[PDB]
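Sequence and experimental coordinates follow.
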Amino acid sequence: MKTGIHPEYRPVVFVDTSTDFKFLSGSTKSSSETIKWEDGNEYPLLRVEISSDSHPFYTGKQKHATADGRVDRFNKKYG
Amino acid sequence: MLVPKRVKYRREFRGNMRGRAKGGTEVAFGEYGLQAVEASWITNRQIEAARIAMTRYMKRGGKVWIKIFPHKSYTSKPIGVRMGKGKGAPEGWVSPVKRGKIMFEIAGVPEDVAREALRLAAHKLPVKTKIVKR
Amino acid sequence: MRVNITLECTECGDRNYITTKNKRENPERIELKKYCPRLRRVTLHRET
Amino acid sequence: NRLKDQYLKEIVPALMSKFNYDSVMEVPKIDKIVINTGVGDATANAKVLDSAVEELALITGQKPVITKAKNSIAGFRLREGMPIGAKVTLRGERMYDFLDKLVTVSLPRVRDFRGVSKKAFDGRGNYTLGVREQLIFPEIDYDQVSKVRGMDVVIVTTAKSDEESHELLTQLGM
Amino acid sequence: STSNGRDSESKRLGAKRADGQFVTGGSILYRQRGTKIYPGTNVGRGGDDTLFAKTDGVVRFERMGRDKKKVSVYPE
Amino acid sequence: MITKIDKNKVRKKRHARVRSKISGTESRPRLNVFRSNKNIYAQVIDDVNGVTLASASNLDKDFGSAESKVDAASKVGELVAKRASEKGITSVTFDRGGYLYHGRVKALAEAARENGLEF
RNA sequence: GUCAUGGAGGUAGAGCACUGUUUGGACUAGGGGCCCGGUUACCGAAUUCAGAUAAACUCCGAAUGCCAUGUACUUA
RNA sequence: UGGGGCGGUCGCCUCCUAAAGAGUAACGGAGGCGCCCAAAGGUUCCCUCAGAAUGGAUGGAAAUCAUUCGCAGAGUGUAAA
RNA sequence: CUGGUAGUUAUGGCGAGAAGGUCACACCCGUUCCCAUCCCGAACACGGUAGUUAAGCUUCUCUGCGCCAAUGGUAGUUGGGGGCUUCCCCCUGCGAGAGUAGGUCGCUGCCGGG
Ligand SMILES: [Mg+2]
Ligand SMILES: [Mg+2]
Ligand SMILES: [Mg+2]
Ligand SMILES: [Mg+2]
Ligand SMILES: [Mg+2]
Ligand SMILES: [Mg+2]
Ligand SMILES: [Mg+2]
Ligand SMILES: [Mg+2]
Ligand SMILES: [Mg+2]
Ligand SMILES: [Zn+2]
């Protein structure tokens, strides 16, 4: 580990604002925050968008949409 | 006419034709052969003429194998030119054939037509030959 | 381009060695520590 | 850090009584992660290369080493020794933490998130992923982005064939 | 006419001492480009790849493994 | 799937690179060193006859040294120095063995030099 | 001069293991057509089976000639 | 100088001729030189090439990475050995 | 029995299959320290023994690739003598290349432990 030629890599605690999903994995970005978790992990409380707990392929997303029947729609629309 | 597509060197020594054929003494592909009895240079023009005569007689049935190729090239000088001042310019291609070499093979035809086609071809070559079987 | 050069002792002023260099990549005077016969020790020789 | 713990505490018994391995060290693991970028367009302008270099250094934690061309292909207006590309090699704690971040928060950012390819195996147990958008990784920001450009994260595993690598990756969470 | 016509002069390469001959130190034993014969015991390789005797003795052209040769000098 | 190379084979290659210049004789035998994870070994060899004049290791009769496995190297060096001096050996060449002259090998070499062995 | 012993050196011959030249067969990754990507033979690069060729090719390799040693036998 | 002239050549290096030591001619068959490098020299330490196959790309047959095969099919400032 | 270190043209290599062990050797665990990566404790170096023979290693079987290699015959050829001289024949001595019978999964020396 050569010194003086690497960017800082202080630990950080992740938090998912979508569903309050705590996560711990150190990251390079400081993000200017402070929060301690899991018996002491004082580090930035890095906010983030949806994590793997809500994504379609990374989670159990059910529909988020609907389907079509066309001939069913033709029968429903026409009557 | 068979001519190599590329040559490393344009001019070549003439060589010699001592001894028996190094390889090709035995017929392998067809079942009738035309074997050289003495040694001579065979040019590509003679090979083409012999092949044409051989094929035309068979009515383009059967198969023909040519077991020689004109690798070597020979040069020549014009008339009125003295000796000296370099080597001549290449003119043709030859295949030095040693005695015992088989240079034509025929398959797929009976005795009569094969023998007659080989006899017809042998009259276009400057070398005494004989007909052999497998 | 490539020229002949002479190296003289700084202490003595005796041209002790000759060599070659490229005027383009080495436009400066060449410094080399060679052995001076007169003083019988290594001195610093500079190109004239 | 934790992902290694769950790997060696739960995934290891699963591979044990799923593949019937003879001894312990026959179970496959992840050896190294190597990330590559290409700056072949930086033949004239040598500064976009540098920008990508600090991008990689920021995104991983270790400065990349600039790679030099091994040939002088005239079709790509190239000469030997021209600096093309960069690479960061992760081995140990950094590897596990980076893979955890990639799988839990980086992948759920692609514009069309339908699932990673199931046929991206070299045939001998190594997986190559091909993300091609800059801030798929949450760390870098949109304002700092100067040129959208892709990346090549490569995962090298000790498994001897494709399928057991597939189950190892699924166990990890790919 | 005749764009050719140039050749160098021959360099008299080869072997200068025979096997089993008594040889004085410092005398050439084989002139050659590259390394056709490697230096064995008590012989040395020169600047232009010649081999010379480093002591008085008897020349012996010996053989290394499958496809190499070496020459050595043994004091009597 | 990664080929984890055997370090001992490349060590053999480096040792062969070293040995192209070092070859102990009757007058000036060769001091050879082999290093394992546990411990260290040393031997004195002449290559004209291919016999070991003297030897030492970490598994000797007393072999009393345990602090950081480098004082063990110093003890081995001094012990082999004494044994070789008893047989009448005083001038040797130190065969590196393919390692680097940095750690345990360096300590053993200095310990050997501290006694009546001339390198 | 001959005999015994030891060497260096790639010619004749042969061979295809490298480099060029080259024939037939199977597959040819393809190109162009007759086409609805197939049909491909009109050419098909690499691979392979078999068969050839070389002053400036060599995995091999003589007979002689050459350099030495001898205390061998003759001879100037 | 296969008469002289016209044309070409004149010094040095490498290969074939050259007949398995050295040497060996022709207006015989092929090529190079009249430099370059302040590191492209010295020493110590370390390691290994061309090409192909598969995996993903901005980027394609060919740019940069990953695994495998790989006795030299590379390289060795420059002509050949 | 094993570890280390040499000699010998692969009959010693390559490949396939099986077994064994922390006594040795290994893989292995860690980076505070000496030391190190054009980045990476991967390697080099240092510090230890939790686990395992999966790999190296070690032993055992083979002819699959490779390597070695006869006898006989043939090509060629020093010396002598002839033809119908692009070349050919006879006598004496020497004598290959390819192919094959067959062999090969090594053989010896020293040091320390068991
Ligand atoms: Mg010459
Ligand atoms: Mg020199
Ligand atoms: Mg010189
Ligand atoms: Mg011949
Ligand atoms: Mg000669
Ligand atoms: Mg001769
Ligand atoms: Mg000229
Ligand atoms: Mg150089
Ligand atoms: Mg034989
Ligand atoms: Zn002076």
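Alright, I've got the coordinates. Residues are numbered from 1 along each chain as shown, chains lettered A, B, ... in the order given. Ligands and ions are numbered 1, 2, ... in the order given.

Now that residue F:99 has come up, it's in contact with residue F:32, right?
No. Using C-beta atoms under 8 Å, residue F:99 is not in contact with residue F:32, being 11.3 Å away. Using the backbone N, CA and C atoms, a C-beta is placed for each residue, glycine as well.

ok, these two, which is more surrounded?
Between residue F:99 and residue F:32, counted using other C-beta atoms under 10 Å in any protein chain shown, the more crowded position is residue F:32 (22 against 17).

Go ahead and report the secondary structure state at the spatially most central residue of chain E.
Centroid-nearest residue in chain E: residue E:30, 1.8 Å away (criterion: C-alpha atoms, centre = their mean). Look at residue E:30: counting by DSSP: H, G, I helix; E, B strand; the rest coil, its state is strand.

residues touching it, list them.
For residue E:30, the contact set (C-beta atoms under 8 Å, 6 or more residues apart in numbering or on different chains) comprises E:14, E:15, E:16, E:36, E:37, E:50, E:51, E:71.

what's near enough to touch the nearest residue to it once chain neighbours are set aside?
Excluding the flanking residues, the one nearest residue E:30 by C-beta to C-beta, 6 or more residues apart in numbering or on different chains is residue E:51, at 4.5 Å. Residues near residue E:51 by C-beta under 8 Å, 6+ apart: E:28, E:29, E:30, E:32, E:37, E:39, E:43, E:44, E:45, E:71.

roughly how far apart are residue E:51 and RNA strand I?
According to C-beta to the nearest atom of the strand, to the nearest Å, residue E:51 and RNA strand I sit 19 Å apart.

Would you quantify the distance from that residue to residue E:71?
As judged by C-beta to C-beta, to the nearest Å, residue E:51 and residue E:71 stand 6 Å apart.

The residue nearest the centre of chain F: what secondary structure?
Nearest residue to the geometric centre of chain F (C-alpha atoms, centre = their mean): residue F:33, 2.5 Å. Following three-state DSSP, residue F:33 is assigned to strand.

who does it bridge with?
Counting by DSSP bridges, residue F:33 is bridged to residue F:42.

Please report how far it lies from residue F:56.
To residue F:56, residue F:33 is 10 Å away according to C-beta to C-beta.

shared neighbours, those two?
The contact sets of residue F:33 and residue F:56 overlap at F:41, F:42, F:43 (C-beta under 8 Å, 6+ apart).

pretty sure the last one contacts residue F:51?
No. Under the contact definition of C-beta under 8 Å, residue F:43 does not touch residue F:51, with a separation of 10.5 Å.

higher neighbour count, the two?
Legend: neighbour count by other C-beta under 10 Å for residue F:43 and residue F:51, higher for residue F:43 (18 against 10).

and that one, what is it in contact with?
With contact taken as C-beta under 8 Å, 6+ apart, residue F:43 is in contact with F:31, F:32, F:33, F:34, F:52, F:54, F:55, F:56.

ok so, going back, restrict the shared contacts of residue F:33 and residue F:56 to those that also contact RNA strand I, please.
The overlap between the shared contacts of residue F:33 and residue F:56 and the neighbours of RNA strand I (C-beta under 7 Å from any atom of the strand) comes to F:41, F:43.

ok, the shared contacts of residue F:33 and residue F:56 vs residue F:3, which is closest?
Among the shared contacts of residue F:33 and residue F:56, residue F:41 lies closest to residue F:3 (C-beta to C-beta), at 28.7 Å.
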